[PDB]
>>> print(open('query-v6.cif').read())   # mmCIF, C-alpha atoms
data_model
#
loop_
_atom_site.label_atom_id
_atom_site.label_comp_id
_atom_site.auth_asym_id
_atom_site.auth_seq_id
_atom_site.Cartn_x
_atom_site.Cartn_y
_atom_site.Cartn_z
CA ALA A 1 -7.76 105.06 82.33
CA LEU A 2 -10.39 107.80 82.71
CA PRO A 3 -13.81 107.19 84.24
CA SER A 4 -15.92 105.23 81.76
CA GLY A 5 -19.39 103.77 81.59
CA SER A 6 -22.58 105.57 82.47
CA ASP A 7 -22.86 109.28 83.17
CA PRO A 8 -23.36 110.12 86.87
CA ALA A 9 -26.84 111.11 87.99
CA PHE A 10 -27.83 114.77 87.87
CA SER A 11 -28.64 116.42 91.20
CA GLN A 12 -30.63 119.27 89.58
CA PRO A 13 -33.95 118.99 87.78
CA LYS A 14 -33.49 119.11 84.04
CA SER A 15 -35.81 122.12 83.79
CA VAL A 16 -33.47 124.09 86.05
CA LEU A 17 -30.44 123.14 83.93
CA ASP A 18 -32.32 124.13 80.75
CA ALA A 19 -33.10 127.54 82.28
CA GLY A 20 -29.40 128.27 82.62
CA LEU A 21 -28.61 127.87 78.88
CA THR A 22 -29.09 130.74 76.38
CA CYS A 23 -27.99 131.32 72.77
CA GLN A 24 -27.77 134.74 71.13
CA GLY A 25 -30.54 135.05 68.51
CA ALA A 26 -31.43 131.37 68.40
CA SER A 27 -32.76 128.47 70.37
CA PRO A 28 -30.21 126.04 71.82
CA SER A 29 -32.42 123.32 70.27
CA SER A 30 -32.15 124.69 66.70
CA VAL A 31 -28.82 126.52 66.34
CA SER A 32 -26.21 126.88 63.63
CA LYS A 33 -22.55 126.43 64.61
CA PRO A 34 -22.95 126.91 68.37
CA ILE A 35 -20.05 127.65 70.64
CA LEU A 36 -20.62 127.02 74.33
CA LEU A 37 -19.12 129.70 76.56
CA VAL A 38 -18.44 128.79 80.19
CA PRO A 39 -17.96 131.76 82.59
CA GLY A 40 -15.71 132.13 85.62
CA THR A 41 -16.49 132.45 89.31
CA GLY A 42 -18.70 135.36 90.28
CA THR A 43 -20.20 136.01 86.84
CA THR A 44 -22.98 135.05 84.45
CA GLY A 45 -22.32 134.17 80.83
CA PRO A 46 -23.13 137.68 79.62
CA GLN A 47 -21.07 139.26 82.38
CA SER A 48 -18.01 137.17 81.48
CA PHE A 49 -18.27 137.35 77.71
CA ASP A 50 -20.40 140.37 76.58
CA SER A 51 -17.23 142.48 76.17
CA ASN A 52 -15.28 139.78 74.37
CA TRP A 53 -16.04 136.26 73.12
CA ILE A 54 -19.79 136.73 72.51
CA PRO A 55 -19.18 139.38 69.77
CA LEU A 56 -15.84 137.88 68.75
CA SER A 57 -17.18 134.37 68.19
CA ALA A 58 -20.20 135.77 66.35
CA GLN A 59 -17.91 137.57 63.94
CA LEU A 60 -16.13 134.26 63.32
CA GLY A 61 -19.45 132.72 62.29
CA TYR A 62 -20.51 130.86 65.45
CA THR A 63 -23.74 131.30 67.35
CA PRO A 64 -22.57 132.30 70.85
CA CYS A 65 -24.25 130.27 73.58
CA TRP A 66 -23.53 130.25 77.29
CA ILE A 67 -24.50 128.78 80.64
CA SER A 68 -25.11 130.99 83.69
CA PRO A 69 -25.37 128.59 86.64
CA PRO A 70 -26.91 130.45 89.60
CA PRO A 71 -25.79 132.33 91.71
CA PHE A 72 -22.99 133.76 89.51
CA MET A 73 -21.04 130.47 89.32
CA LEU A 74 -20.58 130.53 93.09
CA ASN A 75 -22.31 127.20 93.80
CA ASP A 76 -20.65 123.77 93.92
CA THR A 77 -18.49 123.21 90.80
CA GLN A 78 -20.06 119.77 90.42
CA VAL A 79 -23.50 121.37 90.06
CA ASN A 80 -22.09 123.96 87.65
CA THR A 81 -20.78 121.08 85.55
CA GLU A 82 -24.31 119.66 85.28
CA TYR A 83 -25.29 122.85 83.45
CA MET A 84 -22.43 122.33 81.01
CA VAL A 85 -23.16 118.62 80.42
CA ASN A 86 -26.84 119.37 79.85
CA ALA A 87 -25.90 122.28 77.54
CA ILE A 88 -23.52 120.07 75.52
CA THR A 89 -26.17 117.37 75.16
CA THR A 90 -28.68 119.99 73.96
CA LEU A 91 -26.37 121.96 71.65
CA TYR A 92 -25.03 118.79 70.05
CA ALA A 93 -28.53 117.69 69.05
CA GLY A 94 -29.68 121.25 68.35
CA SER A 95 -26.88 121.70 65.78
CA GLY A 96 -27.79 118.58 63.82
CA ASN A 97 -25.90 116.11 66.04
CA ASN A 98 -22.50 117.77 65.43
CA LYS A 99 -19.58 118.26 67.82
CA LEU A 100 -19.17 121.82 69.13
CA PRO A 101 -16.31 123.84 70.60
CA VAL A 102 -16.26 124.89 74.26
CA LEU A 103 -14.53 128.13 75.27
CA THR A 104 -14.00 129.02 78.92
CA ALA A 105 -12.91 131.86 81.19
CA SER A 106 -10.99 131.17 84.43
CA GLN A 107 -12.86 128.60 86.54
CA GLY A 108 -15.12 127.76 83.61
CA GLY A 109 -12.14 125.74 82.42
CA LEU A 110 -12.13 123.70 85.61
CA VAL A 111 -15.88 123.13 85.03
CA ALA A 112 -15.19 121.95 81.49
CA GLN A 113 -12.36 119.58 82.36
CA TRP A 114 -14.27 118.21 85.36
CA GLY A 115 -17.13 117.41 83.03
CA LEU A 116 -14.86 115.71 80.51
CA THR A 117 -13.25 113.63 83.24
CA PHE A 118 -16.45 112.40 84.88
CA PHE A 119 -19.21 112.53 82.21
CA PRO A 120 -18.11 110.18 79.37
CA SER A 121 -21.11 110.91 77.13
CA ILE A 122 -19.88 114.43 76.29
CA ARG A 123 -16.39 113.40 75.10
CA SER A 124 -17.75 112.52 71.65
CA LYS A 125 -19.81 115.76 71.43
CA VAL A 126 -17.05 118.33 72.15
CA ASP A 127 -14.59 118.80 69.31
CA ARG A 128 -12.15 121.08 71.17
CA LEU A 129 -11.66 123.14 74.32
CA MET A 130 -10.28 126.72 74.29
CA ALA A 131 -9.57 127.67 77.91
CA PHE A 132 -8.44 131.17 78.95
CA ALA A 133 -6.60 131.25 82.30
CA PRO A 134 -7.93 127.83 83.48
CA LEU A 135 -7.36 126.85 87.13
CA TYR A 136 -6.98 123.09 86.78
CA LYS A 137 -4.72 122.85 89.86
CA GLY A 138 -6.63 125.58 91.59
CA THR A 139 -4.71 128.50 93.04
CA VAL A 140 -2.50 129.05 96.09
CA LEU A 141 -3.50 132.66 96.31
CA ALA A 142 -5.95 134.41 98.63
CA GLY A 143 -8.13 131.60 99.76
CA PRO A 144 -11.29 130.49 101.43
CA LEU A 145 -10.31 131.79 104.97
CA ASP A 146 -9.32 135.30 103.79
CA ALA A 147 -11.21 138.12 105.59
CA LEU A 148 -14.17 135.91 106.62
CA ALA A 149 -14.36 132.45 108.01
CA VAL A 150 -16.78 131.38 105.24
CA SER A 151 -16.34 131.41 101.48
CA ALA A 152 -18.32 130.43 98.40
CA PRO A 153 -18.50 126.70 97.53
CA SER A 154 -16.55 127.07 94.28
CA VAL A 155 -13.93 129.24 96.00
CA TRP A 156 -13.17 126.32 98.34
CA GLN A 157 -12.95 123.98 95.36
CA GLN A 158 -10.58 126.15 93.34
CA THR A 159 -8.05 126.29 96.21
CA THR A 160 -4.91 124.23 95.56
CA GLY A 161 -5.10 121.15 97.77
CA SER A 162 -8.92 121.05 97.62
CA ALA A 163 -10.67 117.70 97.48
CA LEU A 164 -12.02 118.70 94.06
CA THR A 165 -8.67 119.54 92.46
CA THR A 166 -7.18 116.46 94.14
CA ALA A 167 -9.89 114.24 92.68
CA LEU A 168 -9.54 115.75 89.22
CA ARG A 169 -5.77 115.06 89.22
CA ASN A 170 -5.96 111.54 90.72
CA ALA A 171 -8.70 110.56 88.22
CA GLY A 172 -6.45 111.52 85.29
CA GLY A 173 -7.82 115.00 84.60
CA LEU A 174 -4.57 116.99 84.19
CA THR A 175 -4.09 115.34 80.79
CA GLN A 176 -6.12 116.73 77.92
CA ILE A 177 -9.23 114.71 77.07
CA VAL A 178 -10.34 116.54 73.91
CA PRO A 179 -7.94 118.76 71.88
CA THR A 180 -7.29 121.63 74.26
CA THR A 181 -5.62 125.03 74.11
CA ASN A 182 -4.77 126.78 77.37
CA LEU A 183 -3.89 130.48 77.15
CA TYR A 184 -2.56 131.89 80.40
CA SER A 185 -0.19 134.39 81.94
CA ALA A 186 2.71 134.24 84.35
CA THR A 187 1.37 137.49 85.88
CA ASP A 188 -2.14 136.03 86.59
CA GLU A 189 -3.29 137.70 89.82
CA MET A 190 -6.06 135.17 90.61
CA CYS A 191 -4.26 131.93 89.78
CA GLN A 192 -0.77 130.84 90.81
CA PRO A 193 1.60 129.15 90.24
CA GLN A 194 1.69 130.05 86.50
CA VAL A 195 5.26 131.25 86.10
CA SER A 196 7.29 128.20 85.12
CA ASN A 197 5.96 127.55 81.57
CA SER A 198 5.89 123.86 82.47
CA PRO A 199 3.45 121.26 83.84
CA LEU A 200 3.81 122.88 87.25
CA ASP A 201 1.49 125.62 86.00
CA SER A 202 -2.14 125.48 87.07
CA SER A 203 -3.30 126.02 83.46
CA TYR A 204 -1.14 123.26 81.93
CA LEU A 205 -2.60 120.03 80.58
CA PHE A 206 -0.36 117.22 79.32
CA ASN A 207 -0.57 117.01 75.49
CA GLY A 208 -2.53 120.26 75.30
CA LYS A 209 -1.45 123.38 73.42
CA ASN A 210 -0.20 125.20 76.53
CA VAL A 211 0.42 128.87 75.68
CA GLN A 212 1.95 130.97 78.46
CA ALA A 213 1.84 134.50 77.01
CA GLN A 214 5.28 135.43 78.35
CA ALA A 215 6.86 132.48 76.51
CA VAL A 216 5.84 134.16 73.24
CA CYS A 217 5.83 137.86 74.18
CA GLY A 218 8.69 138.15 76.65
CA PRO A 219 9.28 138.00 80.37
CA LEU A 220 8.07 141.57 80.83
CA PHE A 221 4.67 141.21 79.07
CA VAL A 222 1.84 141.68 81.59
CA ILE A 223 -1.82 140.53 81.33
CA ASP A 224 -4.00 139.65 84.31
CA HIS A 225 -6.69 136.92 84.51
CA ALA A 226 -9.17 139.09 82.59
CA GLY A 227 -6.67 140.22 79.94
CA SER A 228 -5.96 136.51 79.49
CA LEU A 229 -9.50 136.36 78.08
CA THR A 230 -9.90 139.74 76.33
CA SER A 231 -6.52 140.77 74.89
CA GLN A 232 -5.77 141.00 71.18
CA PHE A 233 -3.04 138.40 71.68
CA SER A 234 -5.69 136.14 73.26
CA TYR A 235 -7.97 136.68 70.27
CA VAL A 236 -5.30 135.57 67.80
CA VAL A 237 -4.60 132.39 69.79
CA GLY A 238 -8.30 131.59 70.28
CA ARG A 239 -9.09 132.25 66.62
CA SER A 240 -6.26 129.84 65.71
CA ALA A 241 -7.60 127.17 68.07
CA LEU A 242 -11.14 127.51 66.70
CA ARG A 243 -10.03 127.36 63.04
CA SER A 244 -7.38 124.64 63.40
CA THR A 245 -8.03 121.23 61.87
CA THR A 246 -6.15 119.68 64.79
CA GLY A 247 -8.46 121.24 67.37
CA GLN A 248 -5.50 123.10 68.97
CA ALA A 249 -4.00 126.53 68.35
CA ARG A 250 -1.04 126.38 65.96
CA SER A 251 2.28 128.09 66.72
CA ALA A 252 2.45 129.18 63.08
CA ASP A 253 -0.63 131.37 63.58
CA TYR A 254 0.66 133.74 66.27
CA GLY A 255 3.88 135.44 67.11
CA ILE A 256 5.62 138.37 68.67
CA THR A 257 3.76 140.89 66.47
CA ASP A 258 0.45 139.83 68.06
CA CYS A 259 1.70 140.68 71.55
CA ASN A 260 -0.90 143.31 72.25
CA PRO A 261 -2.20 143.09 75.85
CA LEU A 262 -5.13 145.53 75.38
CA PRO A 263 -8.64 144.41 74.36
CA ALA A 264 -9.05 142.71 70.98
CA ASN A 265 -8.94 145.12 68.06
CA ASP A 266 -12.32 144.14 66.62
CA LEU A 267 -14.28 144.98 69.78
CA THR A 268 -16.37 148.15 69.64
CA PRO A 269 -15.10 151.10 71.73
CA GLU A 270 -17.82 150.33 74.26
CA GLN A 271 -16.82 146.67 74.36
CA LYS A 272 -13.17 147.66 74.87
CA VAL A 273 -14.04 149.82 77.88
CA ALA A 274 -16.22 147.10 79.40
CA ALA A 275 -13.40 144.58 78.86
CA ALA A 276 -11.24 146.72 81.18
CA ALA A 277 -13.88 146.65 83.99
CA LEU A 278 -14.19 142.92 84.67
CA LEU A 279 -12.35 142.69 88.03
CA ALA A 280 -14.56 144.50 90.55
CA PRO A 281 -18.08 143.12 89.80
CA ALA A 282 -16.97 139.48 89.94
CA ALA A 283 -15.05 140.10 93.16
CA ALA A 284 -18.07 141.82 94.77
CA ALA A 285 -20.42 139.01 93.74
CA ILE A 286 -18.07 136.53 95.43
CA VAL A 287 -18.40 138.68 98.56
CA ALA A 288 -22.25 138.77 98.43
CA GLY A 289 -23.02 135.15 97.51
CA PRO A 290 -23.51 131.79 99.26
CA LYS A 291 -20.75 131.02 101.76
CA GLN A 292 -19.69 128.14 104.03
CA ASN A 293 -16.82 127.09 106.29
CA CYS A 294 -15.97 123.80 104.54
CA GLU A 295 -15.49 122.44 101.05
CA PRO A 296 -18.62 120.86 99.49
CA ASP A 297 -18.70 117.07 99.69
CA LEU A 298 -17.55 115.29 96.57
CA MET A 299 -20.34 113.53 94.77
CA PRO A 300 -20.03 109.74 94.84
CA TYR A 301 -18.53 109.52 91.33
CA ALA A 302 -15.47 111.54 92.51
CA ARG A 303 -15.11 110.44 96.15
CA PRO A 304 -12.75 107.49 95.44
CA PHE A 305 -10.17 109.92 93.94
CA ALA A 306 -9.78 112.14 96.99
CA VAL A 307 -9.88 109.63 99.80
CA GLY A 308 -8.46 111.36 102.84
CA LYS A 309 -9.38 114.93 102.01
CA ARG A 310 -11.76 116.73 104.36
CA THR A 311 -15.09 118.11 103.15
CA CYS A 312 -18.20 119.34 104.96
CA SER A 313 -19.30 115.84 105.99
CA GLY A 314 -15.83 114.80 107.14
CA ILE A 315 -13.20 112.51 105.66
CA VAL A 316 -13.63 111.25 102.07
CA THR A 317 -13.91 107.44 101.80
CA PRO A 318 -14.25 105.25 98.63
#
>>> encode(input="query-v6.cif", output="structure tokens")
Amino acid sequence: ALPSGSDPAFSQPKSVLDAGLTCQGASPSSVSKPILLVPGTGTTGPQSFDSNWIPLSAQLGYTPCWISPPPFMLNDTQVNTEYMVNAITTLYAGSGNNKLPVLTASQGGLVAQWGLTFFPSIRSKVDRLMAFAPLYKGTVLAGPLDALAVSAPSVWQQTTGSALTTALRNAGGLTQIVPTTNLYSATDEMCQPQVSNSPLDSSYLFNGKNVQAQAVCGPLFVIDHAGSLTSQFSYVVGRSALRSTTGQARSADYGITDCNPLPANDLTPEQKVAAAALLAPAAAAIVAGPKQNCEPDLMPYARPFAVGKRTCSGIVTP
């Protein structure tokens, strides 16, 4: 079974977590049809989504909301998840005690699934998860010892083999917990392996709607980790997932004629140009942020699932 019982303690003051949550044109505490947007490593909410799912979800009738855990999602993924759990608790009540969708970019999907695995209270408040290029198994690429002996906390945790990805898998987290759609690409340049269109892929969750773009669009279709979020093909799949009465994208709703890798048609020209410039700023933030030579310790609620892995304090024990 999954973790059950009481939610783990928060390490951050609630006022700090509240400060990281914003909704466009509304208060999180009094908001119609919120969608919670969870950014990837090296970005804020607006930086991840201003060129894409903030305007696109608004045009579908949601109030776009986001968390921006400081600094730029570079801190410990477990602390980033506190922002999401707090945001879910708030948006659920602030929308009349109604479940809400969560939509994530890159490592924001790891944040979401970590929260669902280890914070039982939110499972009944999230109606579906729409994850673009999620790194549930981390990635084998680049890495925390590349070009400097120190790397950001969440960069350590997103590395395949990390104590965090280990603990997520051993606790049951590579199976979907709420209805989940995972849109990803075999040509993802941040996250590998993604090529097999099978559970080997880092974005795959058992029983989820796992959509590798090349399985629909052809072996030669190319979108990177950002295009995975912003492309017109991505918009059609995400719109399906958000509208579906099953909580997952439906194969009937998308097909080879939607295989357009450029930014979603309904974005403004300015939004389309910004959608093409997402790589460099996130990479530079990763370079300028907090850095360390070890993976953050697992919090007690996750330690028993990665016994034997090495974190800053030493060997994980249960």
>>> residues_around(input="query-v6.cif", residues="residue 16 in chain A", least_positions_apart="5", cutoff="12 Å", atoms="all atoms listed in the file", output="PyMOL selection string")
chain A and resi 10-11+21+67-70+79-80+82-83+86-87
>>> resolve_selection(input="query-v6.cif", expression="the PyMOL selection byres ((chain A and resi 105) around 8)", output="list in words")
residues 38, 39, 40, 48, 103, 104, 106, 107, 108, 109, 131, 132, 133, 134 and 229 of chain A
>>> resolve_selection(input="query-v6.cif", expression="the PyMOL selection byres ((chain A and resi 85) around 9)", output="JSON, numbers by chain")
{"A": [81, 82, 83, 84, 86, 87, 88, 89, 90, 112, 115, 116, 119, 121, 122]}
>>> resolve_selection(input="query-v6.cif", expression="the PyMOL selection byres ((chain A and resi 182-187) around 8)", output="number ranges by chain")
A: 130-134, 180-181, 188-189, 193-197, 203-205, 208-214, 222-225, 228, 234, 237
>>> closest_residue(input="query-v6.cif", among="A:51, A:162, A:24, A:44", to="residue 277 in chain A", atoms="only C-alpha atoms")
A:51
>>> residues_around(input="query-v6.cif", residues="residue 151 in chain A", least_positions_apart="3", cutoff="8 Å", atoms="all atoms listed in the file", output="list in words")
residues 144, 145, 148, 155, 156, 290, 291, 292 and 293 of chain A
>>> closest_residue(input="query-v6.cif", among="A:287, A:128, A:262, A:137", to="residue 114 in chain A", atoms="only C-alpha atoms")
A:137
>>> closest_residue(input="query-v6.cif", among="A:170, A:207, A:176, A:230", to="residue 307 in chain A", atoms="only C-alpha atoms")
A:170
>>> atom_distance(input="query-v6.cif", atom1="CA of residue 235 in chain A", atom2="CA of residue 215 in chain A")
16.6 Å
>>> closest_residue(input="query-v6.cif", among="A:102, A:111, A:136, A:23", to="residue 166 in chain A", atoms="only C-alpha atoms")
A:136
>>> closest_residue(input="query-v6.cif", among="A:282, A:173, A:239, A:95", to="residue 45 in chain A", atoms="all atoms listed in the file")
A:282
>>> residues_around(input="query-v6.cif", residues="residue 154 in chain A", least_positions_apart="6", cutoff="6 Å", atoms="all atoms listed in the file", output="PyMOL selection string")
chain A and resi 74-77
>>> write_last_selection(input="query-v6.cif", atoms="C-alpha atoms", output="PDB file, keeping the file's coordinate frame")
ATOM      1  CA  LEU A  74     -20.580 130.530  93.090  1.00  0.00           C
ATOM      2  CA  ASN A  75     -22.310 127.200  93.800  1.00  0.00           C
ATOM      3  CA  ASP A  76     -20.650 123.770  93.920  1.00  0.00           C
ATOM      4  CA  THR A  77     -18.490 123.210  90.800  1.00  0.00           C
TER       5      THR A  77
END
>>> closest_residue(input="query-v6.cif", among="A:57, A:192, A:63, A:15", to="residue 241 in chain A", atoms="only C-alpha atoms")
A:57
